[PDB]
Amino acid sequence: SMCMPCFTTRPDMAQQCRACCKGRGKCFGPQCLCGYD
């Protein structure tokens, strides 16, 4: 599953997704997925 949602209107979304994923994760549409660069 996803770590959290990715929200279009958060300009720091990538950073929040990486916080969620302990430094390694990426937004794919509305989903923060850990283990992707």
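Just so you know, the numbers here start at 1 and follow the chain as drawn.
Header entry for method reads X-ray crystallography, 2.2 Å.
Cβ coordinates come from backbone N, Cα and C, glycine included.
Marked as disulfide bond by Swiss-Prot on the basis of experimental evidence: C3-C20, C6-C27, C17-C32, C21-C34.
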Exercise for the section: Can you tell me which disulfide-bonded residues out of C20, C21, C34 are within 10 A of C6 (disulfide bond) by Cα, answering none if there aren't any? Expected result: none
Exercise for the section: Look up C3 (disulfide bond) in the DSSP assignment and reduce it to helix, strand or coil. Expected result: coil
Fill in the blank from the handout: Cα of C21 (disulfide bond) to Cα of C32 (disulfide bond), in Å and rounded, measures 8
Fill in the blank from the handout: Long-range Cβ list for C20 (disulfide bond), cut-off under 8 Å, min separation 6+ in sequence, same chain only, gives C3, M4, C32, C34
Handout entry: DSSP three-state assignment for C21 (disulfide bond)
Key = coil
Practice task
Count the other Cβ atoms sitting within 10 Å of the Cβ of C6 (disulfide bond), across every protein chain shown.
Solution key: 21
